[PDB]
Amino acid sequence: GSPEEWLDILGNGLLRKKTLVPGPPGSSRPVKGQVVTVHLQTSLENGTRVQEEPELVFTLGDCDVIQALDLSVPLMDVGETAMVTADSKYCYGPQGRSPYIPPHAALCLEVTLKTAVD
């Protein structure tokens, strides 16, 4: 969508997504079960960048990435860059991710969806 629009993914207000850069007009959303490739950048609320993965490849919907990413990627077009704001429950939760992500950290995820293939 247009950048000022925020999507409430789950309907509880806790996982929200906006488009930063739209996919080209004819592009479409990926399907769960497809192998997707994304550029992921993860930051904390204070702006500290804690993850960057320029070529994160995974099967969408297989729970092989944090919920915040598995639940938001299906709502992006291939070629889109989105920003996702996610409550800690959808991220690394109580455990965190040593050493850079503490317990109960909300994350901001900038995600570019590059490819989605069967």
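Residue indices: 1-based, along the sequence shown.
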query: Stretch with the greater mean C-alpha B-factor as recorded in the entry, comparing 108-116 against 2-10; finding: 2-10
query: Out of 81, 72, 27, 34, residue topping the C-alpha B-factor column of the entry; finding: 27
query: Residue 63 CA temperature factor, ranked by third within the chain; finding: highest
query: Residue 18 CA temperature factor, ranked by third within the chain; finding: middle
query: Third of the chain, ranked by Cα B-factor, where residue 77 sits; finding: lowest
query: For residue 91, the third of its chain into which the C-alpha B factor falls; finding: middle
